[PDB]
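Next up: a single chain in structure tokens, the form deposited in one PDB entry.
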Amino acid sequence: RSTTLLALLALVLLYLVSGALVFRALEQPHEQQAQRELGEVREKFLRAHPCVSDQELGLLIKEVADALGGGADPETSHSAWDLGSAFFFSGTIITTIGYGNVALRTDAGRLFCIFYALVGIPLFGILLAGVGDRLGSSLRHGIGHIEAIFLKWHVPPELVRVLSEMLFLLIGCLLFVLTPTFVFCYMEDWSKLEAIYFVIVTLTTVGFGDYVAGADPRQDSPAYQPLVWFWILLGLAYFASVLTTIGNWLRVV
């Protein structure tokens, strides 16, 4: 194990460094794109409105930046701390996803968040194990019946078990990965790529926060907005198995 852990550590470091090289290569070229876009917007505005000095437009952008920083929203509801959005935020905590697309501004908010998480994550952890098993056993009950069809075509039952488990992690995938990606494509005006990126960043509990469904009842399908927390809960369970199977494979080799 001594050898193992130091070997494994070095492997991970190399992985990180090679990850670093790949990311820098892909991302460093486009670093200043948002600065260029802001500059484009400023200069285009000065051209359109000669009563505005570059310096007066300057303060506007700083004052607007501070407002947005405080959670102001470009308006042309929209409350990120209405009961629906605040529920969803609390959800982001216990799930360890932590999008952060909306930040806490109050020291009281932060203090409470600490205790809320410290008590909340394990509580959810317990329920997750629970929901995992309950669905797992129920799915396994389903798995047996599928195994019977494979059994009655004279497939060796160990092959059938793996075949069923593979089908297990494929039906789950279709149910929880593909449906949402399609759903989000339509609902969020994202590309199918943006949607899978969101889904996986979400279910891995990484939760960058560059993409968020929002669980914000807006209109048209307001029920679905907080309902996606259901997909998250169910999805997280499926993905737990997926993560362990990938993990076990690495252990196996």
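The term rigid core refers to the maximal set of C-alpha atoms that superpose within 1.5 Å between the two forms. All residue numbers refer to positions in the sequence shown, first residue = 1.
Heads up, the form deposited in another entry isn't pictured, but that's what we're talking about next.
(request) Of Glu194, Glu56, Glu188, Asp210, only one moves its C-alpha by 2 angstroms or more between this form and the one not shown once the rigid core is aligned, so tell me which. (result) Everything else stays below 2 Å; the exception is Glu56.
(message) Does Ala34 move appreciably between this form and the one not shown, meaning a CA displacement of 2 Å or more on the superposed rigid core?
(response) Yes; that C-alpha moves by at least 2 Å between this form and the one not shown.
(request) Align on the rigid core first; then say whether the Cα of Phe115 has moved by at least 2 Å between this form and the one not shown. (result) False for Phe115: its C-alpha shift is below 2 Å.
(request) Return yes or no for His154: a CA shift of at least 2 Å between this form and the one not shown, with the rigid core superposed? (result) Yes, the C-alpha position differs by at least 2 Å between this form and the one not shown.
(message) Please check whether, in the other entry, the CA atoms of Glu31 and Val64 lie closer or farther apart than here, given a change of 3 Å or more.
(response) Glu31 and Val64 sit closer together in the other entry.
(request) Might you say whether the CA atoms of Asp216 and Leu233 end up closer or farther apart in the other entry than in this form? Their distance differs by 3 Å or more. (result) Farther is correct, given that in the other entry the C-alpha spacing of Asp216 to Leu233 is increased by at least 3 Å.
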